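Colleague: Just passing along the structure, written as structure tokens.
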Amino acid sequence: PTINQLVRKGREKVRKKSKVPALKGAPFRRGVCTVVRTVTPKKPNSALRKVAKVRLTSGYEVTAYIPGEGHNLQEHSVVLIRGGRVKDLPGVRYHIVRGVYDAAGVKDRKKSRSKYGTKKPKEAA
Amino acid sequence: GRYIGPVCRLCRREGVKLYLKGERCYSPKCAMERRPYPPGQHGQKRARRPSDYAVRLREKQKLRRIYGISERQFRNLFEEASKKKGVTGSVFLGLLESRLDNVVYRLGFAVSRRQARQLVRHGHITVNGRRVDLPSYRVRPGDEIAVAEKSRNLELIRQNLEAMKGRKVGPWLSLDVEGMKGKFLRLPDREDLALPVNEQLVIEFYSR
Amino acid sequence: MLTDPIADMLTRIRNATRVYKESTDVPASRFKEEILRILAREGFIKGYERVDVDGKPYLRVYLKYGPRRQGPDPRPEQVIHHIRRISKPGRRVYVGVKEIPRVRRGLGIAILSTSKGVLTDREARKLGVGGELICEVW
Amino acid sequence: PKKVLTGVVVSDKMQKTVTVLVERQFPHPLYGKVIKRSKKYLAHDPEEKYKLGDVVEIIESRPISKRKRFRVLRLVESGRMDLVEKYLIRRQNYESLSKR
Amino acid sequence: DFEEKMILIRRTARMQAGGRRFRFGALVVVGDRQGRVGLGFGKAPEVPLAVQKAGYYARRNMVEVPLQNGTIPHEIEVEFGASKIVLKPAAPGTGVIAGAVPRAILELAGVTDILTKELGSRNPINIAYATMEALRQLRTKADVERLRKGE
RNA sequence: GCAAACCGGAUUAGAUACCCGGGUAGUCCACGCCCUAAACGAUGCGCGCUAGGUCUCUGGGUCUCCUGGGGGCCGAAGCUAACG
RNA sequence: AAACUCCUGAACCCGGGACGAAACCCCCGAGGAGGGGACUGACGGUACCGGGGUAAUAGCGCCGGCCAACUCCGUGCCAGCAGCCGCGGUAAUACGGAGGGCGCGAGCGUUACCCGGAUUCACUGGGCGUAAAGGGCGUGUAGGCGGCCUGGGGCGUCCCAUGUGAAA
């Protein structure tokens, strides 16, 4: 780099590739869906996890899962692509609202209702 | 807001008792003496060790506790104190007590924090002539925290008065039980009107 | 070739002050006269001269050796903590007013080259003048 | 205040017009070291009373031709062609690198 | 009578046709709260052994510093290996601010306010050693004079 | 002389390989194209300063030595995360 | 903590109620100064002053490591957790729930996006003997850096004086 080699060039900034090729800032994008599959986190697991094929309101399939056990959809749902890789499904990424036009957490959870649906369990009686 | 409820149940939370709920929190129990240690089933096991960041944090939270406030306004005015070109932390301490709720508390007219705030809110207090409601009110050297004319004609206020006559003011805020009033002066500090804490610890965890 | 002979000089400061040698042998120039002038003046170096070796005008600088320290090995504490070549044949750095460095935020010491010859940090500070930055020491 | 600059006259190859090549100074914002670059201002010589090598002073004016701004004041010196030499040498070396 | 204070420990291990025998270590610093500080690298089979013994090796590898105005003099930087620590004095209204271990030893030193950053390799040990020698290189105007006045 | 590729042979569960009998490309000469390479110091060119104890190619000075550049052993200070 | 007690008066109604509005114009001196008569309020009987005044919404996230908070059945590489290492291959503080607990509070979380960190495009602030990385070596072109003194120009430079650097 020695003063001169420095003066001539100017060391390329950074340029990021981002972890969400959902494009046009889509941490909420359409999700139309189909298929189901299963796979496994690397080696020691086994489960299910859907595959929401989306098409966004722009394009393309991806693998969209949800929170957890207990689905609700049949098709459509407008599942809003979210965005987070976990220890498998080479990509994982872009989970689902759970609420919108389908899903809504499940029916039995006492915590993450802030996205696992269920307004207020409210003992009521 | 201001927690409210099982208040000095949280006095054993610190592990330390405080002039918080006033009466039932000084004399023979802050809910203490009966039992002093962090509440819940887990209180007297055989504790471990809080990391530096954690204990310093603890100290900060204790500060927001004795003053009884959301760390909102608190933290904001802290960096506001960093703006003032003097030694940030200490200057901050003076300008920290300066809030009229617990100011009027240690000035006398209040037994507990909850009290002081409740009262000032209801327009029960008038500094330098103007009757207001704002308890989050800092005061300049030379004011006059007078009390309302019907608030002098109230009772538990007199109780607070006479249950005090024999206490040296924080060497600046004179108590006028002649017609219920308080004369405001100067700026003390952690050496003048101190309290059992270390300030620059809080300061050191504060901004990382 | 040494288009930067000053660099060679302070280089031999590192060398000779490390190897601890009574005084080092080097060439001469008016600049370096002014240099060791201030260098010795601000109580840093011990000496300099205008002698000759092999019939050529050579400069030789003494060094300042403080109290003989001990520990697991003598190593007398050297006044030359460290020097540094600033206006490198490339960075013709220029400076005047609050453009003055600090070096050790208070103490330290530096040297500069203005139309008023070779000055120092606190000196040119009082002066209210400036020029070009050349070297530093502590 | 009409700004002027000391420039080196080149290209007599034109009628009543010469093109001055100049080189200006500046350090570097955030690196340091001074710099000296190409900028060729347009030298307005009414009867080609100036030519190659002869360095002169150049003067900013009003648009006189297609892009031709600037003009010419006092001459500086002759016996030149050395700077010019370096210049066109660089030119040929421009036209010495290819993608064919 | 000082202030016996720790830093961290180490779980050293290796295997053989007799098992996979470990070995343990303790990182301790003896500090009189404010003044003379001392680092202690204790290496031993059992844990509390290494604890107290690294405490006493701290009681052996001593130093102090010009505790100048609840802070330090000049402003400096020190590298050991490929790890380096950064230093500049700060008046009150700044406090002791650095990484875990740095602030730790600085409390074993009695510091009140000091700018200190860390750069390069980020390994506890080398950092601590760098600390110790950097401590040994803190001067005053006095120490300035012995050198800058002549002999 | 030689040897890919190639053939059988031998060996092996298998032998598109070692061990075998052959045998060409080619190895070589001409000019020309390759324009490659662990083109190896895994270490750009130039000047300097900081211990020498010891063999050695050459150059000189009438010479146990001094000395001007190289081929190595060692290791002072210093550098490397460590080897170095 | 509650319950129980003594307590003030949110919200709620009653009496009043703004500022923001003195111009312009008219009369006067001249239609110039000054003074004097005066339309002029949507906002909205609202900020607020007085009275009577009643105890009256609390919710979110974490509880393996980075992090401060762990006790209990269930779950058995199955159902799930998932920022990074990983947790269940039936004694799971990491998955469900329960309790207590920790952060916060009209706020609490989750995701998208720039940066400090990150000295990880290294100017303060980098590396290329084995960790990314020295050209196949020669070679010289533009380019950059220029051994010792005397003076000359004083473009770059330095300080000093001034214009600007608007407001926010």
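The residue numbers of chain B are those assigned by Swiss-Prot, with the residues present covering 2-209 sequentially.
So how was this one determined? The header says X-ray crystallography, 3.8 Å.
Keep in mind that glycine also has a Cβ here, set from the backbone N, Cα and C atoms.
Reproduced below are the annotations present in Swiss-Prot:
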{"type": "BINDING", "residues": "B:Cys9, B:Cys12, B:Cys26, B:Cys31", "note": "Zn(2+) binding site"}
{"type": "DOMAIN", "residues": "B:100-162", "note": "domain 'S4 RNA-binding'"}
{"type": "ZN_FING", "residues": "B:9-31", "note": "zinc finger"}
Colleague: Within 10 Å of each Cβ, count the other Cβ atoms, then let me know which of the binding-site residues B:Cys9, B:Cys12, B:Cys26, B:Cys31 comes out lowest.
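Modeller: Among the binding-site residues B:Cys9, B:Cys12, B:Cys26, B:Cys31, the lowest count of other Cβ atoms within 10 Å belongs to B:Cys26.
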Colleague: Within the same chain, where does the zinc finger (B:9-31) have neighbours whose Cβ lies under 8 angstroms from its own Cβ atoms, ignoring anything closer than 6 residues to its ends? I mean 6 or more beyond.
Modeller: 37-40, 44, 63, 66-67, 69, 112-116, 197
Colleague: Please list, in sequence order, every residue of the chain apart from B:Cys9, B:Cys12, B:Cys26, B:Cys31 whose Cβ lies within 8 Å of the Cβ centroid of the Zn(2+) site.
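Modeller: Leaving out the recorded residues gives B:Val8, B:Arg10, B:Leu11, B:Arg13, B:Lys18, B:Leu19, B:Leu21, B:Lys22, B:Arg25, B:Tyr27, B:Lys30, B:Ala32, B:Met33.
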Colleague: Run through the zinc finger (B:9-31) and tell me, per DSSP, how many residues are helix, strand and coil.
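Modeller: Its residues divide into 8 helix, 0 strand, 15 coil.
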Colleague: Which numbers of helix, strand and coil residues does DSSP report for the domain 'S4 RNA-binding' (B:100-162)?
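Modeller: Final tally across the stretch: 22 helix, 11 strand, 30 coil.
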